[PDB]
């Protein structure tokens, strides 16, 4: 009862650890996409104390809410700023792999876009309880659209928010659809509907609420925040899972204020259970540091091997991208133009916010196609059509320069871009360790254009040809001032292949590093129930768990694995046979 004791021990030491004295039945590593879902679900019933440990800040930024601000988000303090390893097969470089560092995670860094892919994508897995039939229902739990309400295929009621994009106000969007209608039999589609083929031109539905970003923080965690049940720790960087014959998860080592550690431990109640949600990048990284991974890889930096699972960090699927762009003949107007000059509009600030949301509702690349380049079982090619002209052959770093475009501006040249993605790529990469330091970046190699048969490079080369075909269509050629971006200089197949490879970039959909398998799956990391093989009380509920990357983008399937898993964990639902 002094004043120095009343301080240097009370207010200070009590405030030192926010986890001292407890006792949690769920500890979520990461406050990203799936984590947000899980926190909502496992905290709903009042009885189970749930803790989420996110390294980033919470999302309060206006740059998250307004979707056109995606550009400002890219090489920012809100991104993990991950760069890969020198890719020999990609002419030196060094590939940037955007990832969210934030509550809501990557769903807050998102290009929005709602894709489930194809029924076949899910059937192609090691299906012990995870067939297209099994997973459809959970897709629907959430949904909530302005595109039907019965559906089969589309629900309403759950917290996700999908809609057709509130900006359209173009004649370049119509120009694209007509150009696609020509250019060879491409029929219209309205995706996610597994009655439909999947291949075809159309609009992508956006993960937005009347033009505002509907990330998983906003939709799952924010309303459920301030439940006595739920402790959300922001700025908390996880170091490892604390483990144990029978390897047993005990909790999680973490650190507020980083490398100047003070290594705190979150403690598990007699129940379970630590569940990983750090993403396809950071989940395998953290597990390797927790001692769960390829032995020898773990031996290399002297960490005790628990489990020994060769699968962790392996089977990284990212779906790479390239680009054709072109300016318009004396038609200076949109989309660059529908919100620039060289300085931000004006009208568009009034259209977004208040006005029920106009252009700047964004993103770019809202609309496009799924295409079979060589009559594959499923479309190998994704086309993303932007009604703006790219100024770099790396689409990501075009966006970065677009954000860096204010007050210095002349005028953004004004035109169109077609981004070409290999949806269901054959090449794979890996996520490893670079040192014994859990605060070091995790050593990525995406392994683009790596497959034996050169299938990825092909699908992408044919994509360029497809794009040019479209550009030369009666409808588009009307608008276009020709000569493209790739260049009239790049004509041969070898010259296309040097261009892509010099220009290849990420369409930002990384999966599969802790893949779910069944029975005796030697390359798998988790079982049927998303367990983790060598360790009890530990699971992954995460993009990392995806056996084969599906067709479109990845958010939607992640917020589905999270739903289904949360249902499994809280009684409510089973997976497989008892």
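Residue numbers count along the first chain shown, from 1.
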*Unmodelled deposited residues between residue 341 and residue 342: none, 1 to 3, 4 to 9, or 10 or more?*
4 to 9
*What number of residues from the deposited sequence go unmodelled in the gap from residue 123 to residue 124, classed as none, 1 to 3, 4 to 9, or 10 or more?*
none
*asked:* Comparing average C-alpha B factors as deposited, tell me which of 516 to 524 and 61 to 69 sits higher.
replied: 516 to 524
*Report the stretch with the higher mean CA temperature factor, choosing between 560 to 568 and 14 to 22 on the basis of the entry.*
14 to 22
*Just grab whichever of 94, 203, 283, 488 has the top CA B-factor as deposited.*
488
*Say you rank 216, 118, 377, 496 by Cα B-factor from the PDB entry; which sits at the top?*
496
*Once the chain's modelled residues are ordered by C-alpha B factor and cut into thirds, is residue 54 in the lowest, middle or highest one?*
lowest
*Tell me, lowest, middle or highest third: where does the Cα B factor of residue 43 rank within its chain?*
middle
*Consider only the C-alpha atoms of the modelled residues in this chain, order them by B-factor as the entry records it, and name the third containing residue 145: lowest, middle or highest.*
highest
*Within this chain's modelled residues, let me know which third the CA B factor of residue 535 belongs to: lowest, middle or highest.*
highest
*Tell me, lowest, middle or highest third: where does the Cα B factor of residue 173 rank within its chain?*
middle
